[PDB]
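First up is the structure itself, then whatever we jot down about it.
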Amino acid sequence: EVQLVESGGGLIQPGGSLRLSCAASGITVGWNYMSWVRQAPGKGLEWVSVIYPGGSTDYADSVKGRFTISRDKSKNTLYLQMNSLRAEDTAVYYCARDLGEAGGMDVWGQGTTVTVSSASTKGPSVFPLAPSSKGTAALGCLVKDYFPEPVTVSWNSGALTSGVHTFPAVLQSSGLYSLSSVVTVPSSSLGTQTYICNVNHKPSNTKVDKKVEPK
Amino acid sequence: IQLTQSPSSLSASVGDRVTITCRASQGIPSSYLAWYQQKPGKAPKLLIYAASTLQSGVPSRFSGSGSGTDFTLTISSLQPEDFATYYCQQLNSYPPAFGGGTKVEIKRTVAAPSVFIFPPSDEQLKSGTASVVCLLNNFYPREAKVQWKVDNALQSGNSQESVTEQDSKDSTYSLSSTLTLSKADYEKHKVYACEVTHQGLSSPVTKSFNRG
Amino acid sequence: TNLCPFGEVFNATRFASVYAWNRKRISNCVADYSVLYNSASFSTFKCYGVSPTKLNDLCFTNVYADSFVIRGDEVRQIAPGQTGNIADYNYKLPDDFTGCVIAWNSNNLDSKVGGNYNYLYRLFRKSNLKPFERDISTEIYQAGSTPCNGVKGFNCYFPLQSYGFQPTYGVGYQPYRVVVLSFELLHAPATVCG
């Protein structure tokens with residue numbers, strides 16, 4: 001099958017460097033307009049750079065003097081060298097083949113994720129979101145101040161799934177992530193059923209089981 | 001060249017005819033315009049290029065047309081796998097221009113959220129920070145306004161919020177908003193309130209507690 | 001003792017496609033470049049290594065007038081040291097270019113309702129043109145490991161694209177007529193003088 005496979009993304013400090021690779025099969029990188037396009041969390045696509053079949057290159061302004069596109073024809077591979085990285089550059093990076101008016105960007109890689117941050121790996125603190133003291137009751141867990149993504153939350157070791165909403169994390173100004181997970185239940189069950197959220201943060205190897213009861 | 005895509009989001013049902021428009025700011029060759037589809041966590045996928053040419057492999061219910069400044073993507077009989085975001089793109093230029101995108105989402109009847117407010121836990125308070133959390137549960141449509149109030153003062157710049165994807169069963173949304181304060185700032189005030197404005201509510205609903 | 005026929009280049013009824021750009025060789029005549037600049041109906045008139053008033057007091061072995069049509073936004077590529085589709089694959093000026101680049105909007109002439117498909121440019125080429133190189137082949141362009149053998153398909157594209165000029169396009173997409181004056185200084189008798 002025709003494909004492009006990116007690799008090289010990962011965590012990197014602001015000011016640091018990172019090289020992405022895009023190994024191609026079914027198209028010849030050296031004979032195509034080849035582009036890098038990125039997508040920051042929650043935003044749209046942004047074109048980053050291009051290398052023409054003849055070897056000319058171009059770059060988005062926000063990346064000029066920091067990024068270099070290149071290629072190894074013998075390895076049919078496209079590269080993006082990224083220097084002087086910034087928190088902004090955090091994104092999923094796609095390589096794509098560009099046919100211009102003869103066809104769109106018809107072949108895309110699966111993406112590789114680049115996270116630029118000065119935070120250190122840190123497991124979350126898990127705080128109860130305690131059902132009110134006054135039909136349907138709501139309770140949850142606030143999974144606060146962890147890095148990096150991701151975190152996973154189950155309820156009662158997976159026995160409780162219905163009515164659960166685990167929300168996308170927000171990046172706080174501190175550089176740490178925070179998310180909430182909630183469940184709605186019959187208020188009559190608060191006196192009889194136990195409610196435990198199970199939080200997993202693999203990067204810090206942290207596992208937390210927090211019991212949430214009325215306060 | 002700027003591309004203005006409208007509407008930002010559209011509600012539709014299976015079997016509907018869906019029309020998405022892309023307005024260019026000057027007048028461009030039809031060969032310059034492509035349409036892409038994207039689903040969450042996935043790479044974009046080319047649907048149409050040169051404004052009307054169907055990409056091989058793409059179902060025939062997708063069709064493009066337009067010229068000059070005004071281009072259109074039409075899905076003639078919406079299928080469940082079509083709920084997704086769609087982007088128009090202006091090719092042949094470096095940098096290319098992208099439209100803002102249109103999210104095609106599942107239409108259903110209006111549903112008011114149930115609203116809950118959660119004070120900070122004692123455990124968190126020992127640590128010097130207070131997070132107050134407001135939950136808006138299973139509402140529709142997605143548009144919703146959360147206003148935090150502290151002793152009836154309207155709060156700005158000290159909250160963050162997050163929204164789920166459309167529920168697989170009832171096609172509603174849920175929203176979580178966190179107001180963050182230092183412990184001392186928290187202790188300077190009494191009434192903590194979350195005020196929710198939504199189409200399904202005749203008047204805004206406020207959930208509050210008194211610190212203590 | 002005879003006028004250089006600059007009018008039959010600048011005032012020609014039809015212009016070449018940029019990929020098949022036209023070249024008029026100019027010899028054994030007197031050229032007045034002051035009337036050229038003083039026409040002042042040109043959106044671009046840029047000289048490299050010379051000055052119009054100054055070059056009217058000069059002689060050269062030969063003068064070349066190259067003419068073609070591109071899009072407005074591409075006119076900046078007709079200059080030394082530029083890269084891009086036109087400079088790379090259609091018409092390349094040398095780094096040491098000595099001469100002038102003249103352009104004007106030709107929307108009233110070269111665009112038509114429904115599109116003028118006569119004007120084309122080369123979109124796909126494996127390597128850049130050398131300066132003053134002209135490539136007119138129309139071989140199907142092979143973008144992958146499978147050979148094309150003259151039939152279009154996946155990874156197999158016709159190398160030229162039409163401008164499709166329409167009069168209501170944005171100015172950057174409207175046709176511009178371009179004449180490039182190159183001044184050839186050979187170790188030979190000079191035949192073109194002011």
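Just remember, in the structure tokens the first chain shown is A, the second B, etc., residues are 1-based per chain, and ligands are 1-based in the order shown.
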Give the residues of chain B that lie within 8 Å of chain C; count only C-alpha atoms, and format the answer as a PDB file with N, CA, C and O atoms, in the first residue's frame.
ATOM      1  N   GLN B  26     -10.589  36.978  -3.147  1.00  0.00           N
ATOM      2  CA  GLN B  26     -10.284  37.752  -4.349  1.00  0.00           C
ATOM      3  C   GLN B  26     -10.842  37.215  -5.667  1.00  0.00           C
ATOM      4  O   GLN B  26     -11.161  37.998  -6.575  1.00  0.00           O
ATOM      5  N   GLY B  27     -10.963  35.901  -5.804  1.00  0.00           N
ATOM      6  CA  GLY B  27     -11.240  35.359  -7.126  1.00  0.00           C
ATOM      7  C   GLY B  27     -10.060  34.537  -7.601  1.00  0.00           C
ATOM      8  O   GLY B  27      -9.019  35.085  -7.973  1.00  0.00           O
ATOM      9  N   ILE B  28     -10.206  33.217  -7.572  1.00  0.00           N
ATOM     10  CA  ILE B  28      -9.075  32.315  -7.764  1.00  0.00           C
ATOM     11  C   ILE B  28      -9.438  31.275  -8.814  1.00  0.00           C
ATOM     12  O   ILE B  28     -10.625  30.997  -9.028  1.00  0.00           O
ATOM     13  N   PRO B  29      -8.461  30.687  -9.499  1.00  0.00           N
ATOM     14  CA  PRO B  29      -8.773  29.581 -10.411  1.00  0.00           C
ATOM     15  C   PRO B  29      -9.427  28.422  -9.669  1.00  0.00           C
ATOM     16  O   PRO B  29      -9.048  28.081  -8.545  1.00  0.00           O
ATOM     17  N   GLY B  68     -14.685  31.428  -9.055  1.00  0.00           N
ATOM     18  CA  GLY B  68     -14.428  32.799  -8.675  1.00  0.00           C
ATOM     19  C   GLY B  68     -14.086  32.914  -7.210  1.00  0.00           C
ATOM     20  O   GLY B  68     -12.993  32.537  -6.780  1.00  0.00           O
TER      21      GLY B  68
END
At a cut-off of 8 Å, list the chain A residues touching chain C, using only C-alpha atoms, as a short mmCIF file (atom, residue, chain, number, x, y, z; two decimals) with N, CA and C atoms, in the first residue's frame.
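Done, and the output landed in part_31.cif:
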data_model
loop_
_atom_site.label_atom_id
_atom_site.label_comp_id
_atom_site.auth_asym_id
_atom_site.auth_seq_id
_atom_site.Cartn_x
_atom_site.Cartn_y
_atom_site.Cartn_z
N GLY A 26 5.74 3.76 -2.25
CA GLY A 26 4.71 3.92 -3.26
C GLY A 26 4.70 5.27 -3.93
N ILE A 27 5.42 6.24 -3.39
CA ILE A 27 5.74 7.48 -4.08
C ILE A 27 7.23 7.72 -3.87
N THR A 28 7.85 8.42 -4.82
CA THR A 28 9.28 8.72 -4.76
C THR A 28 9.45 10.15 -4.26
N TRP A 31 11.01 12.92 -6.35
CA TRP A 31 10.31 13.34 -7.55
C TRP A 31 9.01 14.08 -7.27
N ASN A 32 8.76 14.47 -6.02
CA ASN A 32 7.48 15.07 -5.66
C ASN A 32 7.68 16.38 -4.91
N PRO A 53 10.37 19.00 -6.37
CA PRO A 53 11.15 17.93 -7.02
C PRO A 53 12.56 18.36 -7.39
N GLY A 54 12.75 19.59 -7.85
CA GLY A 54 14.06 20.10 -8.20
C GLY A 54 14.91 20.55 -7.03
N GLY A 55 14.39 20.54 -5.81
CA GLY A 55 15.19 20.82 -4.64
C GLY A 55 14.97 22.18 -4.01
N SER A 56 14.18 23.06 -4.62
CA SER A 56 13.82 24.31 -3.95
C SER A 56 12.97 24.03 -2.72
N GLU A 101 -2.45 21.77 -8.31
CA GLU A 101 -3.67 21.70 -9.10
C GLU A 101 -3.87 20.36 -9.81
N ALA A 102 -2.86 19.50 -9.87
CA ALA A 102 -3.04 18.18 -10.47
C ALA A 102 -3.61 17.16 -9.49
#
Considering only C-alpha atoms, extract the chain B residues located within 7 Å of chain A and return them as a PDB file with N, CA, C and O atoms, in the first residue's frame.
ATOM      1  N   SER B  31      -9.063  25.446 -10.193  1.00  0.00           N
ATOM      2  CA  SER B  31      -8.093  24.385  -9.990  1.00  0.00           C
ATOM      3  C   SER B  31      -7.325  24.544  -8.687  1.00  0.00           C
ATOM      4  O   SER B  31      -6.609  23.619  -8.300  1.00  0.00           O
ATOM      5  N   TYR B  32      -7.431  25.694  -8.021  1.00  0.00           N
ATOM      6  CA  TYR B  32      -6.694  25.960  -6.792  1.00  0.00           C
ATOM      7  C   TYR B  32      -7.366  25.417  -5.537  1.00  0.00           C
ATOM      8  O   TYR B  32      -6.748  25.457  -4.468  1.00  0.00           O
ATOM      9  N   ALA B  34      -9.247  22.751  -2.975  1.00  0.00           N
ATOM     10  CA  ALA B  34      -9.416  21.369  -2.570  1.00  0.00           C
ATOM     11  C   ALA B  34     -10.228  21.312  -1.282  1.00  0.00           C
ATOM     12  O   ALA B  34     -10.265  22.268  -0.507  1.00  0.00           O
ATOM     13  N   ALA B  43      -5.505  11.727  10.572  1.00  0.00           N
ATOM     14  CA  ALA B  43      -4.971  12.596   9.543  1.00  0.00           C
ATOM     15  C   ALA B  43      -6.098  13.097   8.641  1.00  0.00           C
ATOM     16  O   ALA B  43      -7.126  12.434   8.492  1.00  0.00           O
ATOM     17  N   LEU B  46      -8.086  13.679   1.649  1.00  0.00           N
ATOM     18  CA  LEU B  46      -8.480  14.483   0.501  1.00  0.00           C
ATOM     19  C   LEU B  46      -9.796  13.975  -0.066  1.00  0.00           C
ATOM     20  O   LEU B  46      -9.948  12.778  -0.336  1.00  0.00           O
ATOM     21  N   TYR B  49     -10.336  17.856  -5.379  1.00  0.00           N
ATOM     22  CA  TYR B  49      -9.327  18.820  -5.807  1.00  0.00           C
ATOM     23  C   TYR B  49      -9.805  19.499  -7.083  1.00  0.00           C
ATOM     24  O   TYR B  49     -10.716  19.021  -7.764  1.00  0.00           O
ATOM     25  N   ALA B  50      -9.197  20.643  -7.386  1.00  0.00           N
ATOM     26  CA  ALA B  50      -9.595  21.461  -8.532  1.00  0.00           C
ATOM     27  C   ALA B  50     -11.087  21.780  -8.467  1.00  0.00           C
ATOM     28  O   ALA B  50     -11.792  21.806  -9.479  1.00  0.00           O
ATOM     29  N   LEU B  91      -4.629  25.799  -2.999  1.00  0.00           N
ATOM     30  CA  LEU B  91      -3.373  25.187  -3.416  1.00  0.00           C
ATOM     31  C   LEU B  91      -2.548  26.134  -4.297  1.00  0.00           C
ATOM     32  O   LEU B  91      -2.895  27.298  -4.518  1.00  0.00           O
ATOM     33  N   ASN B  92      -1.430  25.604  -4.808  1.00  0.00           N
ATOM     34  CA  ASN B  92      -0.543  26.231  -5.795  1.00  0.00           C
ATOM     35  C   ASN B  92       0.229  27.409  -5.209  1.00  0.00           C
ATOM     36  O   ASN B  92       1.185  27.891  -5.819  1.00  0.00           O
ATOM     37  N   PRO B  95       2.787  30.181   1.363  1.00  0.00           N
ATOM     38  CA  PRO B  95       1.869  29.261   2.059  1.00  0.00           C
ATOM     39  C   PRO B  95       0.501  29.127   1.417  1.00  0.00           C
ATOM     40  O   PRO B  95      -0.041  30.057   0.826  1.00  0.00           O
ATOM     41  N   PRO B  96      -0.076  27.939   1.524  1.00  0.00           N
ATOM     42  CA  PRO B  96      -1.484  27.768   1.159  1.00  0.00           C
ATOM     43  C   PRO B  96      -2.384  28.370   2.221  1.00  0.00           C
ATOM     44  O   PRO B  96      -1.994  28.570   3.372  1.00  0.00           O
ATOM     45  N   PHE B 116     -24.107  21.165  37.999  1.00  0.00           N
ATOM     46  CA  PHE B 116     -23.604  20.838  39.325  1.00  0.00           C
ATOM     47  C   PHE B 116     -22.396  21.712  39.626  1.00  0.00           C
ATOM     48  O   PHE B 116     -21.616  22.020  38.724  1.00  0.00           O
ATOM     49  N   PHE B 118     -19.032  22.075  42.400  1.00  0.00           N
ATOM     50  CA  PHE B 118     -18.216  21.317  43.342  1.00  0.00           C
ATOM     51  C   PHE B 118     -17.225  22.273  43.987  1.00  0.00           C
ATOM     52  O   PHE B 118     -16.389  22.869  43.270  1.00  0.00           O
ATOM     53  N   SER B 121     -11.840  20.471  47.472  1.00  0.00           N
ATOM     54  CA  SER B 121     -11.720  19.531  48.573  1.00  0.00           C
ATOM     55  C   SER B 121     -10.789  20.085  49.643  1.00  0.00           C
ATOM     56  O   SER B 121      -9.894  20.890  49.363  1.00  0.00           O
ATOM     57  N   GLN B 124      -7.138  19.408  48.775  1.00  0.00           N
ATOM     58  CA  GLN B 124      -6.498  20.374  47.888  1.00  0.00           C
ATOM     59  C   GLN B 124      -6.219  21.683  48.613  1.00  0.00           C
ATOM     60  O   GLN B 124      -5.163  22.299  48.413  1.00  0.00           O
ATOM     61  N   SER B 162     -13.653  22.718  29.141  1.00  0.00           N
ATOM     62  CA  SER B 162     -13.368  21.559  28.317  1.00  0.00           C
ATOM     63  C   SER B 162     -14.718  20.935  27.977  1.00  0.00           C
ATOM     64  O   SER B 162     -15.634  20.971  28.801  1.00  0.00           O
ATOM     65  N   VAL B 163     -14.859  20.398  26.764  1.00  0.00           N
ATOM     66  CA  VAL B 163     -16.144  19.885  26.286  1.00  0.00           C
ATOM     67  C   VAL B 163     -15.929  18.503  25.685  1.00  0.00           C
ATOM     68  O   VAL B 163     -14.928  18.271  25.000  1.00  0.00           O
ATOM     69  N   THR B 164     -16.862  17.578  25.952  1.00  0.00           N
ATOM     70  CA  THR B 164     -16.773  16.238  25.389  1.00  0.00           C
ATOM     71  C   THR B 164     -17.242  16.234  23.936  1.00  0.00           C
ATOM     72  O   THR B 164     -17.864  17.182  23.449  1.00  0.00           O
TER      73      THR B 164
END
In Å to one decimal, how far is CA of residue 15 (chain C) from CA of residue 72 (chain C)?
15.2 Å
Mind listing the strand (DSSP E) residues of region 29-68 of chain A, per DSSP on the backbone, as an MDAnalysis selection string?
chainID A and resid 33:39 45:51 57:59 67:68
If you count only C-alpha atoms, which residues fall within 12 Å of residue 99 (chain B), apart from same-chain ones fewer than 6 positions away, as a PyMOL selection string?
(chain A and resi 43-46) or (chain B and resi 1-8+20-25+33-36+71+85-91)
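Secondary structure from DSSP on the backbone puts alpha helix (DSSP H) at the following positions of region 27-181 of chain C: residues 33, 34, 35, 36, 37, 38, 39, 52, 53, 54, 55, 85, 86, 87, 88, 89, 107, 108, 109 and 110 of chain C.
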What would the file look like if the residues just selected were written as a PDB file, in the first residue's frame with N, CA and C atoms?
ATOM      1  N   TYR C  33      16.209  52.679 -26.038  1.00  0.00           N
ATOM      2  CA  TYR C  33      15.586  52.212 -24.810  1.00  0.00           C
ATOM      3  C   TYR C  33      14.967  53.342 -24.006  1.00  0.00           C
ATOM      4  N   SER C  34      15.189  54.594 -24.414  1.00  0.00           N
ATOM      5  CA  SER C  34      14.536  55.712 -23.745  1.00  0.00           C
ATOM      6  C   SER C  34      13.052  55.761 -24.080  1.00  0.00           C
ATOM      7  N   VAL C  35      12.684  55.473 -25.333  1.00  0.00           N
ATOM      8  CA  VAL C  35      11.262  55.389 -25.656  1.00  0.00           C
ATOM      9  C   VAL C  35      10.618  54.229 -24.913  1.00  0.00           C
ATOM     10  N   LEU C  36      11.360  53.131 -24.727  1.00  0.00           N
ATOM     11  CA  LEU C  36      10.829  51.991 -23.986  1.00  0.00           C
ATOM     12  C   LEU C  36      10.460  52.385 -22.560  1.00  0.00           C
ATOM     13  N   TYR C  37      11.388  53.004 -21.828  1.00  0.00           N
ATOM     14  CA  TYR C  37      11.061  53.369 -20.453  1.00  0.00           C
ATOM     15  C   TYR C  37      10.041  54.500 -20.407  1.00  0.00           C
ATOM     16  N   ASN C  38      10.173  55.484 -21.296  1.00  0.00           N
ATOM     17  CA  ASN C  38       9.284  56.638 -21.291  1.00  0.00           C
ATOM     18  C   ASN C  38       7.874  56.308 -21.763  1.00  0.00           C
ATOM     19  N   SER C  39       7.641  55.106 -22.300  1.00  0.00           N
ATOM     20  CA  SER C  39       6.266  54.659 -22.508  1.00  0.00           C
ATOM     21  C   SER C  39       5.482  54.694 -21.199  1.00  0.00           C
ATOM     22  N   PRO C  52      18.731  52.293 -17.834  1.00  0.00           N
ATOM     23  CA  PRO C  52      18.145  52.549 -19.170  1.00  0.00           C
ATOM     24  C   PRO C  52      18.757  53.746 -19.878  1.00  0.00           C
ATOM     25  N   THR C  53      18.757  54.902 -19.214  1.00  0.00           N
ATOM     26  CA  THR C  53      19.403  56.083 -19.769  1.00  0.00           C
ATOM     27  C   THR C  53      20.866  55.801 -20.086  1.00  0.00           C
ATOM     28  N   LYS C  54      21.567  55.135 -19.163  1.00  0.00           N
ATOM     29  CA  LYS C  54      22.979  54.831 -19.374  1.00  0.00           C
ATOM     30  C   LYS C  54      23.179  53.824 -20.502  1.00  0.00           C
ATOM     31  N   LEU C  55      22.328  52.793 -20.587  1.00  0.00           N
ATOM     32  CA  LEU C  55      22.542  51.786 -21.625  1.00  0.00           C
ATOM     33  C   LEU C  55      22.148  52.286 -23.008  1.00  0.00           C
ATOM     34  N   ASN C  85       8.137  27.818  -9.116  1.00  0.00           N
ATOM     35  CA  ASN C  85       7.736  26.993 -10.250  1.00  0.00           C
ATOM     36  C   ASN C  85       8.252  27.557 -11.567  1.00  0.00           C
ATOM     37  N   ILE C  86       8.131  28.873 -11.761  1.00  0.00           N
ATOM     38  CA  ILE C  86       8.476  29.486 -13.042  1.00  0.00           C
ATOM     39  C   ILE C  86       9.988  29.536 -13.226  1.00  0.00           C
ATOM     40  N   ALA C  87      10.705  30.079 -12.236  1.00  0.00           N
ATOM     41  CA  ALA C  87      12.165  30.152 -12.299  1.00  0.00           C
ATOM     42  C   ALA C  87      12.796  28.765 -12.360  1.00  0.00           C
ATOM     43  N   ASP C  88      12.242  27.810 -11.608  1.00  0.00           N
ATOM     44  CA  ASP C  88      12.841  26.480 -11.546  1.00  0.00           C
ATOM     45  C   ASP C  88      12.589  25.690 -12.825  1.00  0.00           C
ATOM     46  N   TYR C  89      11.368  25.728 -13.343  1.00  0.00           N
ATOM     47  CA  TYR C  89      10.966  24.749 -14.341  1.00  0.00           C
ATOM     48  C   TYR C  89      10.494  25.365 -15.650  1.00  0.00           C
ATOM     49  N   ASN C 107      -4.621  41.448 -18.871  1.00  0.00           N
ATOM     50  CA  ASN C 107      -5.937  40.867 -18.616  1.00  0.00           C
ATOM     51  C   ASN C 107      -6.911  41.154 -19.752  1.00  0.00           C
ATOM     52  N   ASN C 108      -6.900  42.385 -20.274  1.00  0.00           N
ATOM     53  CA  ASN C 108      -7.823  42.737 -21.346  1.00  0.00           C
ATOM     54  C   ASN C 108      -7.538  41.966 -22.631  1.00  0.00           C
ATOM     55  N   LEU C 109      -6.353  41.359 -22.750  1.00  0.00           N
ATOM     56  CA  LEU C 109      -5.935  40.623 -23.939  1.00  0.00           C
ATOM     57  C   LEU C 109      -5.959  39.108 -23.763  1.00  0.00           C
ATOM     58  N   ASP C 110      -5.506  38.594 -22.620  1.00  0.00           N
ATOM     59  CA  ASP C 110      -5.140  37.188 -22.500  1.00  0.00           C
ATOM     60  C   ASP C 110      -6.081  36.371 -21.621  1.00  0.00           C
TER      61      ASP C 110
END
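For the atom pair formed by CA of residue 187 (chain A) and CA of residue 134 (chain A), the distance is 10.1 Å, given to one decimal.
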What are the nearest atom pairs, with distances in Å to one decimal, for all residues of region 15-67 of chain B that come at most 12 Å from region 104-110 of chain B, using only C-alpha atoms, set out by chain and rising residue number as a Markdown table?
| residue | atom | partner | partner_atom | distance |
| --- | --- | --- | --- | --- |
| B:15 | CA | B:106 | CA | 11.6 |
| B:16 | CA | B:107 | CA | 10.6 |
| B:17 | CA | B:104 | CA | 11.6 |
| B:18 | CA | B:104 | CA | 8.7 |
| B:19 | CA | B:104 | CA | 10.1 |
| B:20 | CA | B:104 | CA | 9.3 |
| B:37 | CA | B:104 | CA | 10.3 |
| B:38 | CA | B:104 | CA | 10.7 |
| B:39 | CA | B:104 | CA | 10.5 |
Export of the given selection (C-alpha atoms) as an mmCIF file, in the first residue's frame:
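The result, written out as selection32.cif:
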data_model
loop_
_atom_site.group_PDB
_atom_site.id
_atom_site.type_symbol
_atom_site.label_atom_id
_atom_site.label_comp_id
_atom_site.auth_asym_id
_atom_site.auth_seq_id
_atom_site.Cartn_x
_atom_site.Cartn_y
_atom_site.Cartn_z
ATOM 1 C CA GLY B 15 -29.983 11.163 4.650
ATOM 2 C CA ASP B 16 -29.896 14.971 4.637
ATOM 3 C CA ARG B 17 -28.408 17.097 1.900
ATOM 4 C CA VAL B 18 -25.512 19.088 3.376
ATOM 5 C CA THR B 19 -23.954 22.203 1.813
ATOM 6 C CA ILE B 20 -20.685 23.774 3.040
ATOM 7 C CA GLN B 37 -12.241 15.697 5.728
ATOM 8 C CA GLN B 38 -10.832 15.146 9.227
ATOM 9 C CA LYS B 39 -12.034 13.028 12.161
#
Contacts of residue 64 (chain C) within 6 Å, only C-alpha atoms, excl. fewer than 6 positions in-chain, as a PyMOL selection string
chain C and resi 24-26+181-182
Polymer residues at most 12 Å from residue 175 (chain A), only C-alpha atoms, same-chain spacing of 3 or more positions, as a ChimeraX atom specification
/A:13,87,115-122,144-149,170-172,178
Exercise: residue 114 (chain A) partners within 7 Å, only C-alpha atoms, chain neighbours under 6 positions left out, as a PyMOL selection string:
chain A and resi 9-11+90-92
Set the distance at 6 Å and use only C-alpha atoms: which residues neighbour residue 4 (chain C) once local chain neighbours fewer than 3 positions away are removed? I'd like the list as a ChimeraX atom specification.
/C:29-31
Let me see the file: selected residues, N, CA, C and O atoms, as a PDB file, in the first residue's frame.
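And here is the file that came out, result.pdb:
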ATOM      1  N   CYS C  29      21.315  46.976 -35.756  1.00  0.00           N
ATOM      2  CA  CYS C  29      20.287  48.006 -35.681  1.00  0.00           C
ATOM      3  C   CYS C  29      20.636  48.983 -34.566  1.00  0.00           C
ATOM      4  O   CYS C  29      21.573  48.770 -33.792  1.00  0.00           O
ATOM      5  N   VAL C  30      19.859  50.063 -34.499  1.00  0.00           N
ATOM      6  CA  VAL C  30      19.970  51.072 -33.454  1.00  0.00           C
ATOM      7  C   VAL C  30      18.740  50.963 -32.561  1.00  0.00           C
ATOM      8  O   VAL C  30      17.600  51.004 -33.045  1.00  0.00           O
ATOM      9  N   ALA C  31      18.971  50.809 -31.262  1.00  0.00           N
ATOM     10  CA  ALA C  31      17.907  50.615 -30.290  1.00  0.00           C
ATOM     11  C   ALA C  31      17.804  51.848 -29.409  1.00  0.00           C
ATOM     12  O   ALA C  31      18.813  52.312 -28.864  1.00  0.00           O
TER      13      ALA C  31
END
